[PDB]
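*Asks:* so I've got this experimental structure, pasted below with the sequence.
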Amino acid sequence: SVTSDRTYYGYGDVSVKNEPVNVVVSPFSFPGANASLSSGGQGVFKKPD
Amino acid sequence: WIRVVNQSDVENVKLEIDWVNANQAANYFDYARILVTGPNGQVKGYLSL
Ligand SMILES: [Ca+2]
C-alpha cells in the first residue's frame, strides 16, 4: 500500500550579530590647557589614551 | 628699551633689527653707532649709518 518517500530532515541555525571591533575614541585638543602653542613653534604632543 | 615676552612654548627666537630712516639721520649726524645690549650683559647687536 504505502510506498514511503524515504526522506527525513535535520536543520540548524547560526546567529551572526556583531561586528568584530569597537573603535572608542577620545579626541585630542593638543594645545590643551595649562600649556601653549605658538606660531612657528616646534615640539611634541602626546595623548596616551 | 625693547622687552621680549614669549609664551611657555617658544624657546628659540631670531630677530632682525633694521634701521629704515638711516638715510635721514645721515643729514644730521656724523657717526651714530647703536649697540643692542642683550639679556645678561651680552651685546648681540650693532647698527650704524
Ligand atoms: Ca617648542
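*Replies:* Good, I have the coordinates. Numbering: from 1, shown residues only, chains lettered A, B, ... in the order given.
*Asks:* residues of chain B that sit close to the ion?
*Replies:* Residues of chain B lying near the ion by Cβ under 5 Å from the ion: residue B:9. In this view, the C-beta of every residue, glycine as well, is placed from N, C-alpha and C.
*Asks:* now the helices for chain B?
*Replies:* Counting by DSSP state H, one finds helices in chain B at the ranges B:22-25.
*Asks:* and it, which residues reach chain A?
*Replies:* Within reach of chain A by Cβ under 8 Å from any Cβ of the partner chain, chain B has these residues: B:6-10, B:12.
*Asks:* ok, of these, which come out buried?
*Replies:* Among the residues of chain B next to chain A, those that count as buried by neighbour count (16 or more other Cβ atoms under 10 Å in any protein chain shown) are residue B:10.
*Asks:* for residue A:37, state which of the residues of chain B next to chain A is nearest.
*Replies:* Top of the list for closeness to residue A:37, among these and by Cβ to Cβ, is residue B:9 at 5.7 Å.
*Asks:* wait, what's in contact with the closest one?
*Replies:* Neighbouring residues of residue B:9 by Cβ atoms under 8 Å, 6 or more residues apart in numbering or on different chains: A:35-38, A:41, A:43.
*Asks:* dump the residues you listed to JSON lines, plus secondary structure.
*Replies:* Rendered in JSON lines, the data for the contacts of residue B:9 read as follows (DSSP: H, G, I helix; E, B strand; the rest coil):
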{"residue": "A:35", "secondary structure": "coil"}
{"residue": "A:36", "secondary structure": "coil"}
{"residue": "A:37", "secondary structure": "coil"}
{"residue": "A:38", "secondary structure": "coil"}
{"residue": "A:41", "secondary structure": "coil"}
{"residue": "A:43", "secondary structure": "coil"}
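*Asks:* including distance to chain B, could those residues go into a markdown table?
*Replies:* Output for those, formatted as a markdown table (distance: Cβ to the nearest Cβ, whole Å):
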| residue | distance to chain B |
| --- | --- |
| A:35 | 7 |
| A:36 | 5 |
| A:37 | 6 |
| A:38 | 5 |
| A:41 | 5 |
| A:43 | 7 |
